[PDB]
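Here is what each chain is made of, one letter per residue.
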Amino acid sequence: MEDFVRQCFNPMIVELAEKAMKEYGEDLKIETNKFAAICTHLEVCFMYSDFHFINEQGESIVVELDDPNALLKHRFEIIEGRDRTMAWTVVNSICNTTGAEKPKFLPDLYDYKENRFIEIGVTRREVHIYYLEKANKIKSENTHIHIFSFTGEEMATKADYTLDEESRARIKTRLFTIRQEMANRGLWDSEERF
Amino acid sequence: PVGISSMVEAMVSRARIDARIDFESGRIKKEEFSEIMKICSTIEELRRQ
Amino acid sequence: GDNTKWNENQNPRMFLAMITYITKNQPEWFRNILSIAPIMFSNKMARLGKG
Amino acid sequence: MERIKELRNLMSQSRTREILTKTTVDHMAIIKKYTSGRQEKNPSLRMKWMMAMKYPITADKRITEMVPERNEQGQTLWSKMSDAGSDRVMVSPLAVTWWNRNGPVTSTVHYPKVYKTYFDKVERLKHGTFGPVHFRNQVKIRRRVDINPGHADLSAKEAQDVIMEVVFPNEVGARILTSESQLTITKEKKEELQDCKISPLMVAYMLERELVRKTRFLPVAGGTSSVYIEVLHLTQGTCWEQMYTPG
RNA sequence: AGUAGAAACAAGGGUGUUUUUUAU
RNA sequence: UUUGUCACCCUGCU
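The numbering shown runs from 1 along each chain in the order of its written sequence and may not match that of the entry; residues for which no coordinates exist are omitted. Lettering for chains starts from A, numbering for ligands starts from 1, and both go in the order in which the items are written. Bear in mind that the chains are drawn from a larger assembly and that all values refer to what is shown. Side-chain measures here rest on the full set of heavy atoms in the structure, leaving out hydrogens and waters.

- The record lists cryo-EM as the method behind this PDB entry and 2.97 Å as its resolution.

- Here the PDB entry's recorded title is "Coupling of polymerase-nucleoprotein-RNA in an influenza virus mini ribonucleoprotein complex".

- As annotated in the PDB entry, chain A carries the name Polymerase acidic protein and comes from Influenza A virus.

Here is the structure:
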């Protein structure tokens, strides 16, 4: 129950997650590990978005922190940390000007390097069978996709990746530590009323 | 309209998209974007949160 | 012709019975939500006016 | 940007921050209607009584930068008082005549297209021919007739679909249009409605009244068709009958 | 007085300011 | 009559 894991993450994670599961979910059974899925997801998305501003050209440079500087356009606006009335709103208001393909299902990010969306979800073990489901789901979602693994295997479409590849290892450490404590405690990788 | 969020969270969420998407993804002035983001941050601070 | 003193007779304790008959073989929350207006009607207290 | 300026000025003083950060967004539907005025039981008497008042109607405050105070002869055209529970000004019915007399002009190339369903009647009446009058019996049966041609074979769902796609494009929400007819209507209106300054409620109302079907219960004695019904007072009577073919 | 008819109208609310003083 | 000398607002379905 991640209220002890609350000592690890900034409270904004749970601030967003409890507000998100409010309408669709609860905290009666196995939510703090569903909170853990959500926290890994949101944390890695934010972790990218935190320090990438774009130059005249794409391929964002990593930037110092807390710095009022020339470039503020960060490459990836967060769509996952919003309510539907803003998520669908922003995906429409993008699909209209700078014409893209509003996808049949939900997005996570959108950049100005490739001018397309990104999917960043995670799966626990080998994705040899679940990349199939992901593929039959957001069919031809022509925004860069990249599944993940609770062990550390990475691969994506177009044989091309996002940006600097030390973040590869840093997300590997993110996940590695997460499980580490998981293995320490969890079994890591095992009607109306009136 | 629906949702369970406050009226200012929404009015500040749908105030940064407009600065970056019509007046800074179509080549209109880059000098208003600054103060737009400035006052958005100012407002989201004034609520004390 | 007409009927006389129509809304001086017809007390709620019969609306209760006809509602209980209408809502037969139905979920229970349905009946409970449908039978509260007859109950407050049969216990009502009318104001008098201005003086 | 006046938007964020007025927002920050609202949430800078007291009495206005707590309302904005306490009222959720699914609740503003209730407090939008929070009024201290009553719907009136006798409107005719009140109109006849109020028309003899000096300042009987209400305008938006912008009047003070669009219309003078005292005209050529020296009759007041608006007052210096605010209405009951609003920031609107109380104005006299001479200001309407003034605006229609010496006022700002605009263009009117779109008013025909937004109100097409009326101009249909207008230039369908002035292309119709008359005939004889038969003074005889009139036997009427009461039937159910469509009082509007019903542009498409659709219902309310795809109606809201096409209306929100044509009027409010960045807030359609989630779904996309499916069939060919709705796309054709959409794009026709897309092109022919560009650069319009009519209020979007008026455009949505006219598209609803122009695109959906209404049916009523009427006594007929002749032919059962939709273009005939709008002229029914004139074609049939109880003792006489006029002949007519609209164009 | 009159309106009016099973009870009313013939108006209804708030804000003031204050120990003898010479003059127009 | 009064401790007074005179003013002031508001409202017409609340």
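### Notes on the overall build of chain B
Stage number 1. Each helix and strand in chain B was counted, giving three helices and zero strands.
Stage number 2. Secondary structure elements follow DSSP: runs of H or I no shorter than four residues count as helices, runs of E no shorter than two count as strands, and numbering proceeds from the N terminus. Across chain B, helices and strands are ordered from the amino to the carboxyl terminus as α-α-α.
Stage number 3. With respect to the principal axes defined by its C-alpha atoms, chain B has extents near 35 × 25 × 10 Å.
Stage number 4. Taken over 49 residues, chain B has a buried fraction of 37%.
Stage number 5. Computed with the Shrake-Rupley method and a 1.4 Å probe, the accessible areas treat only the protein chains shown as cover for residues. Counting every atom, chain B has about 3100 Å² of accessible surface; 56% of that belongs to carbon and sulfur.
Stage number 6. For the charge count, each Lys or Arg is scored as positive and each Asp or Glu as negative, with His and the chain ends excluded. Charged groups are reduced to one reference atom each: NZ for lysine, CZ for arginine, CG for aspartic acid, CD for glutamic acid. Charge centroids of chain B, computed over 9 positive and 9 negative side chains, lie 2 Å from each other. Think of it in three bands: residues with accessible area under 20% of the maximum for their type are buried, residues over 50% are exposed, and the middle band is partly exposed, with areas taken using a 1.4 Å probe on protein chains only.

### With respect to the protein's contact with RNA strand F
Residues and elements named next belong to chain D.
Stage number 1. Put simply, a residue is near a molecule or strand once any heavy atom of it comes within 4 Å of that molecule or strand. Close to RNA strand F lie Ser-36, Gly-37, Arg-38, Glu-40, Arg-46 and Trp-49.
Stage number 2. Pairing of N or O atoms within 3.5 Å defines a polar contact, subject to two protein rules: one partner must be a possible hydrogen donor and the other a possible acceptor, and residues neighboring in sequence count only if both atoms are side-chain atoms. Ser-36 places a main-chain nitrogen or oxygen 3.5 Å from a base nitrogen of RNA strand F.
Stage number 3. Here a base oxygen of RNA strand F and a side-chain polar atom of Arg-38 are 3.0 Å apart.
Stage number 4. Its residues placed into classes, the surface near RNA strand F shows one nonpolar, two polar and three charged. Following the grouping adopted for this structure description, the nonpolar residues are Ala, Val, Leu, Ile, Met, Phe, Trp, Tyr, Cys and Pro, the charged ones are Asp, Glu, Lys and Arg, and the polar ones are all others, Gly among them.

### Remarks on the sheet that holds strand β3 (residues 77-78) of chain A
Sheets are built from strands that pair by backbone hydrogen bonding, the pairs being arranged parallel or antiparallel.
Residue and element names in this part refer to chain A.
Stage number 1. One open sheet holds the four strands; their spatial order is β3-β4-β5-β6, and the pairing between them is mixed. A strand with exactly one partner marks an edge of an open sheet, and here the two such strands are β3 and β6 (144-145).
Stage number 2. Any two strands are treated as partners once DSSP identifies two or more bridges connecting them. As paired strands, β3 and strand β4 (residues 109-110) are joined by two bridges and run antiparallel to one another. Its bridge partner lying in β4, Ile-78 is registered against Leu-109.

### Quick notes on the UniProt feature "binding site: Mn(2+) 1" (unreviewed entry) in chain A
Residues and elements named next belong to chain A.
Stage number 1. UniProt positions are given in the numbering used here, feature names are shortened, and annotations may be inferred rather than shown by experiment. Per the UniProt record, "binding site: Mn(2+) 1" (unreviewed entry) is annotated on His-41, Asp-108, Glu-119 and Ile-120. For the residues just named, distributed over 80 residues, the greatest C-alpha separation is only 10.4 Å, placing them together at one site.
Stage number 2. A relative accessible area of 22% places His-41 in the partly exposed class.
Stage number 3. Ignoring any residue separated from it by four or fewer positions in sequence, one finds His-41 in contact with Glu-80, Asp-108, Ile-120 and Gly-121.
Stage number 4. As for its placement among the helices and strands, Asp-108 is situated in the loop between α3 (84-95) and β4.
Stage number 5. Sequence-distant contacts of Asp-108, defined by excluding residues within four places in its chain, comprise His-41, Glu-77, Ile-78, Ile-79, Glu-80, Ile-118, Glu-119 and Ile-120. The contact rule is simple, with two residues in contact once any of their heavy atoms fall within 4.5 Å.

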